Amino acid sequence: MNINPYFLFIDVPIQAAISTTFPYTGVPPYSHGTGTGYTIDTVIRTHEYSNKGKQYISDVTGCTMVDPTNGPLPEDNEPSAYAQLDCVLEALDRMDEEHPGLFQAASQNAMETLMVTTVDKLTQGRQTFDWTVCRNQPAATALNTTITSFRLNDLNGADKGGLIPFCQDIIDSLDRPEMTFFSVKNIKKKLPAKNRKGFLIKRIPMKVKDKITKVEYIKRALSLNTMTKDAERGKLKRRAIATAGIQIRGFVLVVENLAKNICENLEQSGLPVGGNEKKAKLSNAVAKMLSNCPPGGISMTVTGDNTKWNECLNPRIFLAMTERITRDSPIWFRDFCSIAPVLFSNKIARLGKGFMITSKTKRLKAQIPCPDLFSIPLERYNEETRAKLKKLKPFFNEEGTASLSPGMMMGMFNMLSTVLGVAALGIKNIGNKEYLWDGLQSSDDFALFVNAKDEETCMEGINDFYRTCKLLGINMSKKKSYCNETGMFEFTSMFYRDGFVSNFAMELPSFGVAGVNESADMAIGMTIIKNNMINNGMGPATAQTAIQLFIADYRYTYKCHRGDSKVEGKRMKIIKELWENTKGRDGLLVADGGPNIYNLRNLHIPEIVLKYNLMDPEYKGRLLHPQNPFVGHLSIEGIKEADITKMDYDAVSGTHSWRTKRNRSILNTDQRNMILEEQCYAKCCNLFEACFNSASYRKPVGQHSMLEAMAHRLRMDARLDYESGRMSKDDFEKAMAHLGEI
């Protein structure tokens, strides 16, 4: 007797057991080594889908430019970028007519948001390409290096506070004949030694004033860094992703904000809406698209997938979209929205680490960077790479980058591209044929609903949709798309079978220990269980079991097994003592070797609150010591919020609410000085917060100096301290004497 797990599908329909088709207890795929091979593929493919268009040379950058828009229509079913402007405009006009006032309202709101948006908004953009150092950096550090560097070139818009004047400086910086900036330089130093020679040649990193030409800067400002995407599920082979620089970030926020305002009011968009709100919106839409089916007709649904989605979408079309959408807006805002598409139309792709060459006999290896990619006969590259590099040449720049006018980078204009997708869905019909289409859109993913008299006419409508999308530069995957009679379909990994079904496996990795800290992770753990009970059909038995699994993972992860256990370890030694010393052991937290108190009915209550009145007074005094050294300086987001790949959690602040040490690899790199740079900023900010206690909670505002604010606050504090009898004349005189020098 041989077991076959697929036989389960004989008894249970596949949607009803779809969770068992997701292997999410398995390791997700990671990349090793360089991503240059994948990035070069993207460059080749992107140009392959557009090379029947117009080729020219940019007189700004000298790069090789390819323009497929208004190019020759395709005569095959290969991926096409040859979008026709008039067809895009007609699609948008239809959307405008279908949604009166929406375009101007979206523009209005996006504009007024921009007007109140401050520069610090750009600190939450995650990893960012830093043009000063030509490396990826945190958003905040990249923003800071740009502002300080701009000051060296008579650019001080950032001081005004708003995002607009900072963006003004960004585009004006492109006119500067030279850009001066700070960057670390590795300077060789010959130091007097003690051995025979009496000298040793070290390499010291120290900040230096550097400068580059106007053209060199423009290229950097137009550049995007690239790398391989890791931990992406459900794919055999790896792919490249890009990271934008700081110059374009501000402009992209506004365009996506604009697109978001539109998407929120489109019945077809599965974006930005998410979770249960998405489920509700989509099932309502399916009901209507099914109810409208002519009596005695046939309704079909295409489970859709778009191929080479980003590679075929064109910046020039997105420029046309902003222009059309912002029709009734003031010129300054129309110009503002045009910048991001323009910068993308002239984007340059950095090609990554390059390739590694080796000698198996000598057991040697070396990294050949992208500038020196052709500093070597192509015979010495392998077969696939050799062919790539040949096709790369016409777009290759000697500094080791590649021109890339057409295409988008993976997921940059998500909202705006969704609007384009919906624009296609909004056509509904062609030539008054006896069918109507409609559907759902979410970036590359779509679902097409088609009502007709018979199914052959449905397929004609699908063919017309397929052909219409070609005119917008949208390419439907014929390999991964399928179609069937309305009633069941898939969309963004949500499975519908006369109603959306649960897919418990999708969320399964989130049940694990999150890795924020002991306190947060307990709250997060129980909350995940609680939410999955509500949303993803996790019954009470599985939920209770999930509590058990988590505590097990929790105890082994944080080495905090029960005090009555005999497991050994550094922490466990003290946990056992705590067990012996404590009377109210049921009041001990799990992290302190205490018993798990959690069940279904109390998942939503913080652990410390559940156990508070069971605690030994001396224990709770230690655990909740307000000046404990483990918590440190908090932010209201550091107490409440955590990421998942954001959810908020309820936890009491205590000694378990600690923070991990800073990664110390930087100690050995040429980025040493950022430590001193950080610690300097920190001192100033810490003292500022001493003067202004609300700084941590509400953002300080002001174009005046930090010093001026602190000085005036301390002068007033002192003055009123003296008159209220909190300060003696001796103190007040010294206080005013000190402030006098300042």
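Residue numbers here begin at 1 and follow the sequence given.
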Can you say how many deposited residues have no coordinates in the span between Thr361 and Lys362, choosing none, 1 to 3, 4 to 9, or 10 or more? none
Would you determine, from the values in the PDB entry, which of 635-643 and 326-334 has the greater average C-alpha temperature factor? 635-643
Which of 491-499 and 402-410 has higher mean CA B factor, as the PDB entry lists it: 402-410
Looking at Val652, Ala452, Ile666, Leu448, which has the highest CA B-factor as recorded? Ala452
Sorting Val513, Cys263, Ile608, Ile427 by Cα temperature factor from the record, which one lands on top? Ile427
Which third of the chain holds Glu689 when residues are ordered by C-alpha B factor: lowest, middle or highest? middle
So where's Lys52 on the chain's Cα temperature factor ranking, which third? highest
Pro205's Cα B-factor: lowest, middle or highest third of the chain? highest
Entry-reported Cα temperature factor of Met111, expressed as the chain third it lands in: highest
What third of the chain, by the recorded C-alpha B-factor, contains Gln679? highest
